Amino acid sequence: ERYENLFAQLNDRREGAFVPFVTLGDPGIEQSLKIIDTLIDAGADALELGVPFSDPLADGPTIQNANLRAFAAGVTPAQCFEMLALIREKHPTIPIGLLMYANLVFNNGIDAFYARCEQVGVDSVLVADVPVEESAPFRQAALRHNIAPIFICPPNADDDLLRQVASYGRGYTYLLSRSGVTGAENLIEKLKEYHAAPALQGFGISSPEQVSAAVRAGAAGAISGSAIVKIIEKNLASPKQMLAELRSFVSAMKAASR
Amino acid sequence: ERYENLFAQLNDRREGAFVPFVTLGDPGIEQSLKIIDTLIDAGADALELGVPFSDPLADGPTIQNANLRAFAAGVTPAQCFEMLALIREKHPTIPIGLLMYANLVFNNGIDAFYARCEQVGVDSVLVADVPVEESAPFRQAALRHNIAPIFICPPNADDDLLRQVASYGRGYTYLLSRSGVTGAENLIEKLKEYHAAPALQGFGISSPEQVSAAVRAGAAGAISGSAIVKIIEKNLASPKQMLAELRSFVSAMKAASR
Amino acid sequence: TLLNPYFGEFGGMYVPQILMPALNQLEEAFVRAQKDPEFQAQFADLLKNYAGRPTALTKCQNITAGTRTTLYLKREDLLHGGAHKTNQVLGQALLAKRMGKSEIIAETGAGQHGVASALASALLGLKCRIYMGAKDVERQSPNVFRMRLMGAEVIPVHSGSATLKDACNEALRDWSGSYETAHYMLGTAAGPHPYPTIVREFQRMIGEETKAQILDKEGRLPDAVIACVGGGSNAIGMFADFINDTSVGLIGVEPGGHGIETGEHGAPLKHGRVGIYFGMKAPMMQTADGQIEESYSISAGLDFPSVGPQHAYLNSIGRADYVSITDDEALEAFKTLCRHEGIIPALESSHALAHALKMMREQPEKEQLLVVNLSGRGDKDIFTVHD
Amino acid sequence: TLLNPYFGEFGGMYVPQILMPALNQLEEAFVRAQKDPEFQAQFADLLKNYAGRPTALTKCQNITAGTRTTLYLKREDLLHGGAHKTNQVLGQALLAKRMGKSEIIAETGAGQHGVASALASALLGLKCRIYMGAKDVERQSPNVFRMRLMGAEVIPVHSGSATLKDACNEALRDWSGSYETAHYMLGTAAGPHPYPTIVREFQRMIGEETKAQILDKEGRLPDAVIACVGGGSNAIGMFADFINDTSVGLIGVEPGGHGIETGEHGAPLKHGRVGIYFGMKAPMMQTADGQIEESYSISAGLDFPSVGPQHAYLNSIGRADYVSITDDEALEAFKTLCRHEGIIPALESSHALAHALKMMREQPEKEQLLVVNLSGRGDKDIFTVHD
Ligand SMILES: O=P(O)(O)OCCCc1c[nH]c2ccc(F)cc12
Ligand SMILES: O=P(O)(O)OCCCc1c[nH]c2ccc(F)cc12
Ligand code: NA
Ligand code: NA
């Protein structure tokens, strides 16, 4: 519903959505909250949050480092849900999607994980290592708790995959810009035909021009993570320059979205 | 002939023979000559000389060290024959036997080695690693050059070996006191019955009492090497004490021979 | 999929969507290959004329004196390469070519699977890059040189804990973008389907030879076949042909490390919790939070933080039993085999031996015909066992 | 003696008289054993079920591409122990027991014969002491630990040059006083009769398997069989069964070290003078004075300062040819086999490989069926070849 409204206002006002991604707790709980508030303040249409996992097999170095940075801060899944509740409390309307790894949601029990998401006010959950063929238990728990089960549509997607992700997903469909893993250093048609949730393009998006291209291609917006996390990385010793730089990138990216 | 006479005088005067053994060139050419003159002066009835070989498989540590000491002095086979000629020049009657290793006599040609022995005035040659079954070429060359081919009679000698060594040997028969190798730290009947050259007992003889035992057992004398070489070893830094000690041991040993 | 990716509730294909087509193509290739006589012939030929199959089945002479235990050792330590790992990499390499793949990706903990991949790669003309925990690379220079010597690119991983699990991740990441021309040569009977099935099928000649060999030498099936279990390839390779022979006990031995109660072990099957990682649903070493942990053991090759799905399943239905052996027990079995049989066993296989010794010593009057899978030779462990 | 101790003018028994009864008893035991079916069965069984015979005959696939040379490798590197040395120590150990001997004496240069003696000793219940040049012990810690690990007493020799030859001497000295209960397990086809004959007979299964294997795979005998020659055991083991097949060339390769003209080599057969040492009449490395010298080579296992009598004899009558391979050539053949066939060869065997590569490269259009005897695996040489 939160995603629905976001896409209503967006398209209605002929605008593309810009969704930044960052790891919760990176580089520290307090700094993380500030970072997110700055993202939103700077023009973020939605948030894609990752919870520190020990073996992020779908992430490139940039993100891997973020997780390590997070772990270094003592951040845990329980602490992530706390930040999530606090974030939702300050921003009632912004859509919040979770980038998870299967074991973190399977740990305490699949249903229980989605119940906690619902309780905290999370809108969607994309489980990186759970393909459509192994998603049954995950989407059912999501639906049961009003959580949007996010699915990935890769470049090598055949028609069969296309129909499944269009029929199982909600909120938005994650359009993989390419193969490989997350790294800033790197279908829309059929999806629409099949009534798939608005597509958001991800992986390698770092150029404000890429956003216009995405929305131009027919995507409803774009997700950018490594690009954002790098800014955090470089200005790691100057919290102030971190937010300033963060603010400028997003505005440029968001700007290029309309 | 030299051995013959020695045994004539000896037995005639009811006396046992004492034969010291040392390595030529140990610890140095000049010291060696002095050592030998002292041995003779001290009462040695005959001499058993060894020429430095690289792989003395029949010798224990004491002698092995002597050879190493010799090699350290730059002593060679050619230099040994020089000392031999010089020694014979000072002592015309004393019998001189050579303790050799097969390769040293085979090197320049077997016959040639015995010709050189004859030329230098050597009386006998015992080749440590040449058993009676492989001695043909060695005794023939010896006979041809008037050199006494010395053979070893071990404890495990059967009647067959006994008849061969009695029939092939000359000068004296080397009676092995035991098995193993040369080390101070350690049949006469049948031999006589077969007309074997006077037997000399060797290996482990270091006690003046052992000499009386040997001659008492029916042996014509005893050879002692490690015992003598040790004296050289210990007094290596005091040439004077070396000769003094050397002199005393031999006199005691010789004394115990009558 | 053509084959069932689950063993009871264990198994599956929990990998990013992008990699599913690759897995499906791999399963297709495997299924056809299995029915391809030219493929079987080629595989067999390599196993026999190049690897050294069939390996011997040695009856221990001194080790069991004074007891009623008859111990036999399946000699995989006599396989070209020094371990059982060679069997399957040969088959996977042929499969790669069957699929037209030109490069090979592999992960290795102790280095044995790395070396095996490099050698099969060099022989079959495939470019080969190996991922190794930066930590392991430094503790396994020998196997490293061996790998390079054979022309393989050994890439150390510093991400995470820089150990096996972190190497497994880099392999999948790499494969994620290269499944195109590269093939992922997984080292054990774990990971996403069809690897657990492919690896077992390419290691099953172990149990088949053993069965034929013991029937020949003893006229009856053993009472039990024992094997160490790091990830499960050697164990399942030995078990496979005996599963339907219910009279035959199957015993898997996980590393007990400093001891279970100590927490420092590598026995997830019996002391871990089911989780989802490395593309599969299976028991593993993880925190209460769901974070993945490392397995500990004196032997580097038994450090896979999880276990193969078919083992977790064989256990649940009670067909196979799993036990653990501590560092010291394995060390003692290592010394005992050297001194009494003149065979230096890998520290990994020592765990299997140690248990067989326990079964024998504990009930010396018990008449039993045991077969231990000597997965490898311990030349590699000479120094460690030296200190 | 029952058998002729000479090969033409080479051979004999040049040992102190005290040791002749021991040699004569050894020859007697051997002769009867050879006619004893229970002995053959026992030996065969150990070779097959414990050592791993028969070893494979691997056709090289990539190494010879572009030439008309077909190269096969006799895989003795796949023998339990890592080298061909295992074959004969098993037989000598059985012989010892046949004679009622309870202890075993052995000499070792690189350590391979030491390890092989220790393992056969441990297996057959014999006390075992190994003599090793104090110099070698220090350069071969791995093989040393292995030996001790297996319960053998490794005695380093500091006498002389403290190398192989000095170890061989201590063994004879020791045996001189202990032939009583101890047996001297000589490591190569040299020394006093009947060792050159016994060792060849206990290593002859190599050529017999090769002949049967190539006839099977190629339908014809090879054009030549090549083998490195340190002392001659592996070479004669391979040659034996082919001697009467005059169409088959026998090529022995001695280490050329830094090069013949350099003086720093280990090729006495072709560049040494006949002498008498180690109980035999044969060519050797000696000064003009008749002092015995050491053989030099990048590979420690080819440093025996002499050669086996039957090789010096086969050469003189023109039945076999002997060549030399330099350090660098052997090193290049080592790297080439690793990278193209995924087999790490012993630096010793590399000399044989190097020559086969030379025959091929020099006349690439020449059609030839060559068989190289891969006497051992090079795990032991990994570090040295590393530097
Ligand atoms: O800008 P980039 O390329 O870092 O994209 C990040 C996209 C969000 C993102 C972060 N981690 C992931 C793991 C799996 C996945 F499917 C998506 C993501
Ligand atoms: O005192 P002892 O034990 O060192 O004996 C020395 C006897 C003379 C001797 C010296 N080296 C030898 C090598 C072989 C051999 F038959 C005798 C000797
Ligand atoms: Na494990
Ligand atoms: Na030699």
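- Judging from the entry metadata, X-ray crystallography is the method by which this structure was determined, and 2.30 Å is the reported resolution.

Examining the UniProt feature "active site" in chain A
In step 1: As recorded in UniProt, the sites labelled "active site" are A:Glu48 and A:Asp59.
In step 2: Looking at where A:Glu48 falls in the secondary structure, it is placed in strand β2 (residues 47-50).
In step 3: Residue classification places A:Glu48 among the buried positions, given a relative accessible area of 2%.
In step 4: In this structure A:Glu48 touches A:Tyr3, A:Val19, A:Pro20, A:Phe21, A:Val22, A:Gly97, A:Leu98, A:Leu99 and A:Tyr172, once residues within four positions along its chain are discounted.
In step 5: With respect to the helices and strands, the residue A:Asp59 is situated in the loop between β2 and α3 (61-72).
In step 6: For A:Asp59, a relative accessible area of 6% translates into the label buried.
In step 7: A:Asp59 has contacts with A:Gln64, A:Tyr101, A:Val181, A:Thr182 and C:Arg173, leaving out every residue within four places of it along the chain.

Comments concerning the layout of surface pockets
In step 1: Each pocket or cavity is described by its volume, and for the largest pocket that value is around 640 Å³.
In step 2: Taken together, 35 residues make up the lining of the largest pocket; nearest its centre are C:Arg146, C:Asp379, C:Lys380, C:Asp381 and C:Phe383.
In step 3: Here the lining of the largest pocket is composed, by residue class, of 12 nonpolar, 12 polar and 11 charged.
In step 4: Within this model, the second largest pocket holds a volume of roughly 490 Å³.
In step 5: Surrounding the second largest pocket, 24 residues form its lining, C:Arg53, C:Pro54, D:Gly52, D:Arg53 and D:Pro54 being those nearest its centre.
In step 6: Contributions of two or more residues to the lining of the second largest pocket are made by α2 (37-51) and α9 (205-218) of chain C together with α2 (37-51) and α9 (205-218) of chain D.
In step 7: For the lining of the second largest pocket, a count of residues per class yields 8 nonpolar, 8 polar and 8 charged.

What about the interface of chain B and chain D?
In step 1: Every contact between the two is made by 35 residues of chain B and, on the other side, 32 residues of chain D.
In step 2: In total, about 2600 Å² of surface goes out of reach between chain B and chain D, with carbon and sulfur atoms giving 53% of it.
In step 3: The largest per-residue losses of area from chain B upon contact with chain D belong to B:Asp55, B:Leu57 and B:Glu134, which jointly make up 23% of the total buried on that side.
In step 4: A salt bridge links D:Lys165 to B:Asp55; the shortest N-O distance between them is 2.8 Å.
In step 5: Counting across the chain B and chain D interface gives 16 residue pairs in polar contact.
In step 6: Where the side of chain B that touches chain D is concerned, the elements lending two or more residues are α3 (61-72) and α5 (102-106) of chain B.
In step 7: The element contributing the most residues to the side of chain B that touches chain D is α5(B), with 4 residues.

Analysis parameters
- Residues numbered from 1 in each chain as written, not as in the entry; some residues may be left out.
- Chains lettered and ligands numbered in written order.
- Heavy atoms only, no water.
- UniProt positions renumbered as here; feature names shortened; annotations may be inferred.
- Helix = DSSP H or I, 4+ residues; strand = E, 2+ residues; numbered from the N terminus.
- Buried < 20%, exposed > 50% of the residue type's maximum accessible area, 1.4 Å probe, protein only.
- Contact = heavy atoms within 4.5 Å.
- 1 Å grid on protein atoms, 1.4 Å probe; cavity = no way out; pocket = protein on both sides within 12 Å on 5 of 7 lines; lining within 4 Å.
- Points joined across faces, edges and corners; volume = space filled by probe spheres on them.
- Nonpolar A, V, L, I, M, F, W, Y, C, P; charged D, E, K, R; others polar.
- Buried area = accessible area lost by both parts, 1.4 Å probe.
- Salt bridge = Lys/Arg side-chain N within 4 Å of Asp/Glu carboxyl O.
- Polar contact = N/O pair within 3.5 Å; in protein donor to acceptor, adjacent residues only side chain to side chain.

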